[PDB]
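In the block that follows, a single chain appears as C-alpha cells, in the form deposited in one PDB entry.
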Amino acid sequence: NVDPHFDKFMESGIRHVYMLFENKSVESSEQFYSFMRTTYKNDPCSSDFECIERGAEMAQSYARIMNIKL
C-alpha cells in the first residue's frame, strides 16, 4: 500500500528542486549575514533591549528588501 513509483518520483523531484534553489539560498544567506553585520557595525546596539529591538527592526528591513525583488 506504499507506491514505489510515486516515491521515486518525489525523491527525484525534491532533489532537483533542492539543487535548483541552491543559488538563491546561498545568495540570500550571504546577504542576510552581510546585511546584519553591516547594519550592526554602522549603528551598534548597546543594551539587551536595544539589541533585541534592533534585531527585529533590521529583520523587517531585510524582509522589505526581499519583497522588493532584488
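Shifts are known only where both forms have a C-alpha. When you see a residue number, it is the position in the sequence shown, counting from 1. Whichever C-alpha set is largest while still superposing within 1.5 Å between the two forms counts as the rigid core.
Omitted here: the form deposited in another entry. The next part is about that form.
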Task: Core-aligned C-alpha movement of residue 48 between this form and the one not shown reaching 2 Å - done: no
Open item on the list: Once you overlay the rigid core, does the Cα of residue 8 travel 2 Å or further between this form and the one not shown?
Closed with: yes
TODO: With the core superposed, could you pull out the runs of three or more residues whose CA atoms all shift by at least 2 Å between this form and the one not shown?
DONE: 1-27, 68-70
